[PDB]
Amino acid sequence: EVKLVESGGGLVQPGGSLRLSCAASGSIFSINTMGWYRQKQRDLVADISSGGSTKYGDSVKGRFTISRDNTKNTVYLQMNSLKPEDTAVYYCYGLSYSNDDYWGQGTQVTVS
Amino acid sequence: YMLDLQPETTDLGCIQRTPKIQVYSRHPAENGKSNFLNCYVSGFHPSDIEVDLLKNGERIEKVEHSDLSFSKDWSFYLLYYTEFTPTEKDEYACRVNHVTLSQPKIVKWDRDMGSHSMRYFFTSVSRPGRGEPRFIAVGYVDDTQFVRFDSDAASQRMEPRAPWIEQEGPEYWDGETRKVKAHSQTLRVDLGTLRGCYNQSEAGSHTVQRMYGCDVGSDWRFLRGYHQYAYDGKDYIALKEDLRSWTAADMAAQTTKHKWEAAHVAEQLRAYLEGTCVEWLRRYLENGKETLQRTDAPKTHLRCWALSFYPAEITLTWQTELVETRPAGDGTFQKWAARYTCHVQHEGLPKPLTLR
């Protein structure tokens, strides 16, 4: 039903920064919370509701900032001061207003 | 009333489980009537877990949770809850993340559906580099929690969790706070010790669990005592039913066994379990008689339902899928199971009931 288009990953030097972005397809009425997990288990990085309510994982608090376009269902993740331990596949995800979760394919992020 | 030994007495000398999830309301849901939305996670190990309550695709802001406790098999359980007024359009779910899950799991809320004991539970989880281990202690009388201690909390005091224990004066709370901090110091030292006895890396997180308590009959006389210990969710050393000998699980626990047999630790524990534990349990049963000495019979109604009962021990058999007994959040408990008849055994019932 919903497709999540991700972009912005790749290689970066320690201390550098990257901007991830995730765009949701379909109706703007079909997605509420959008955000990222990173990867056995995958851990919360950041997510944001349609109303702008944010939540961050402890390991990225202060350095990472998530934001949202008011018009489209598109979110951006500004990852500053990157460390080697931030290397992972970052999965975009979204929640419908009926609490159905959608997951993107993920973007590899590697910090030298 | 906790154990009061010196830290050197219990000095040590030398498997992951996924959570079961249940989302439910405290009371039957009525649109426009305030209620409580519950997410009950149980049977998981390690204790690290992330739980969200969701409303219409976003996180509910003010969600509380119970104090961490564990079952006989050492697996943990927690209740996450929030006050809510359900309407026709709103949709609710619980999201759980755990090391055993490749991605967070979402369980949606389906809106259309004697003897006594005192127990103490202690959990210490190491966080290398992030500081001292996370230490949580809880005390129970039957299925009613009455005290707690969290190392991460601000008070650094043993805190009341039942109305009847608030009667106690400063001398009681000073002694309980002093003893629970000594339990914490012992567990922290044991965490560092156990890492050496198993040759483990200093970067990994490990869990130490301690449980003890006593049972009495309906005559309030001593029945059985307990004192058990676990490392990373596996049995380490346990005091046998006779309270005079130890059960060691592996070679490292056998060295502690010999150090504890020589130093006569079991004799100091038996004095507490047969004496002090029993004495203060009877004091608690008396002081909280309106709460603790009550029995609420299950309101009952192929799915056999049983609601709003206390204590939690119950048997539901069909003559099959039975869920784990779950806390309603107000002191009572709930359960259900799935030509045929349903048998219900409970302490609050005159005789077993039958539902057809």
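Side-chain atoms are counted along with the backbone in the values below, which use heavy atoms only and exclude waters and symmetry mates. Chain A is the first sequence line, chain B the second, and so forth, proteins listed ahead of strands; every chain is numbered from 1.
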Flag, side chain of [X] to backbone of [Y], donor-acceptor distance under 3.5 Å:
X        : Y         : value
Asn99(A) : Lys108(B) : no
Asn97(B) : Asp43(A)  : no
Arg42(A) : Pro104(B) : no

- request: Could you pull out all residues at least two apart from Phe122(B) that satisfy ring pair (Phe, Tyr, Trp, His ring centres under 6.0 Å)?
  value: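 Listed in chain order: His183(B), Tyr212(B).
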- request: Name all residues meeting the salt bridge (charged side-chain N to carboxylate O under 4.0 Å, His left out) criterion together with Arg161(B); count only those two or more places apart in sequence or in a different chain, and write none if there are none.
  value: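 Listed in chain order: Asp67(B).
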query: So what's closer than 4.5 Å to chain B heavy atoms on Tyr93(A): side chain, backbone, both or neither?
result: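 Just the side chain, heavy atoms under 4.5 Å.
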Drop me the distance from [X]'s [atom1] to [Y]'s [atom2], to the nearest 0.5 angstrom.
X        : Y        : atom1 : atom2 : answer
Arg59(B) : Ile48(A) : CZ    : CD1   : 11.5 Å
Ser98(A) : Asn56(B) : OG    : CG    : 7.5 Å
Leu95(A) : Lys55(B) : CG    : NZ    : 15.0 Å
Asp52(B) : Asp47(A) : CG    : CG    : 8.0 Å

message: Does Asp48(B) have more than 12 heavy atoms from other residues, nucleotides or ligands lying within 6.0 Å of its CG?
response: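 Atom CG in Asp48(B) is not crowded, with 12 or fewer foreign heavy atoms closer than 6.0 Å.
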- request: Report yes or no: do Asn32(A) and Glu58(B) form a side-chain donor-acceptor pair below 3.5 Å?
  value: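 Yes, because at least one side-chain N or O of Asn32(A) sits under 3.5 Å from a partner of the opposite role on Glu58(B).
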Part of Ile106(B) within contact of chain A (heavy atom distance under 4.5 Å):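 The side chain, not the backbone.
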- prompt: Any salt bridge between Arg95(B) and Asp101(A), counting N to O under 4.0 Å?
  reply: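 No, no charged N to carboxylate O under 4.0 Å.
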